[PDB]
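Student: quick one, fold the following:
(one chain, ligands or ions: 1)
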Amino acid sequence: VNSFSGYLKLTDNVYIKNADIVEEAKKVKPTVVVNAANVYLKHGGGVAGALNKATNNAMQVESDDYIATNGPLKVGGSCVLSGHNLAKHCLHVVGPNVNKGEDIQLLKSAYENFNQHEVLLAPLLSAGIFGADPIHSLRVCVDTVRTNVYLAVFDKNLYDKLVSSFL
Ligand SMILES: O=C(O)C[C@H](NC(=O)c1ncnc2[nH]ccc12)c1cccnc1
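Tutor: Numbers count the residues shown, from 1 in each chain. Please find the structure below.
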């Protein structure tokens, strides 16, 4: 039994809610919140900008030190950093940004990072401003992640679309 509540059960291991991932994190304080990152960990807008804003820019400060030491992530890759005031840990996962020309086949690789954590609060990778088909991303999530994932879908109309079309 965990602290996630009000989520629709989609599958044996995937739950979904129409909610802002930032607000869910402050309420639940999960062990792991997933950030929809870019390879440079530049958290300017979208999910990343919103999480970072909620950390008072501490996420960005930590991320800049990480990049200075380690260089950029790979598309499809991840790193574990602090969750600051939102979670114990933040798993920064880079899904392909279709609006940047990044290959959509890497979405499965991106979701595989979730399997290293028993329970996660996570956004729909590559959806929204990342430019990929959100129905497809959900199919990849359900077909790739085996650990317990709680998905927070921000856009109300998107959420309604995803539930009503889920196979
Ligand atoms: O679920 C959605 O609608 C799409 C989701 N977007 C957000 O979660 C989001 N976007 C902008 N501002 C925000 N503030 C708090 C949350 C948030 C998303 C998923 C993957 C990549 N980029 C975006």
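Student: drop to CA atoms for contacts and neighbour counts, all remaining ones
Tutor: Will do.
Student: residues of the longest helix that the chain contains that come out buried?
Tutor: Counting residues, the longest helix found in the chain (DSSP state H) is helix 58-70. Neighbour counts over helix 58-70 (16 or more other C-alpha atoms under 10 Å) mark 58-60, 63-64, 66 as buried.
Student: can you tell me which helices and strands the helix or strand following that helix packs against?
Tutor: Downstream of helix 58-70, the next assigned helix or strand under DSSP states H and E is strand 78-82. If contacts are counted by 3 or more C-alpha pairs under 8 Å, 6 or more residues apart in numbering; DSSP states H and E, strand 78-82 sits against helix 58-70, strand 89-93.
Student: just checking, what packs against the last one?
Tutor: Where contact means 3+ C-alpha pairs under 8 Å, 6+ apart, strand 89-93 is packed against strand 32-36, strand 78-82.
Student: quick one, which of those strands is nearest to residue 10?
Tutor: For the helices and strands packed on strand 89-93, proximity to residue 10 was assessed by C-alpha to C-alpha; strand 32-36 is nearest, at 18.9 Å.
Student: what's in contact with that closest one?
Tutor: Under the contact criterion C-alpha atoms under 8 Å, 6 or more residues apart in numbering, strand 32-36 has outside partners 25, 47-48, 51, 83, 86-95, 117, 119-123, 125-126.
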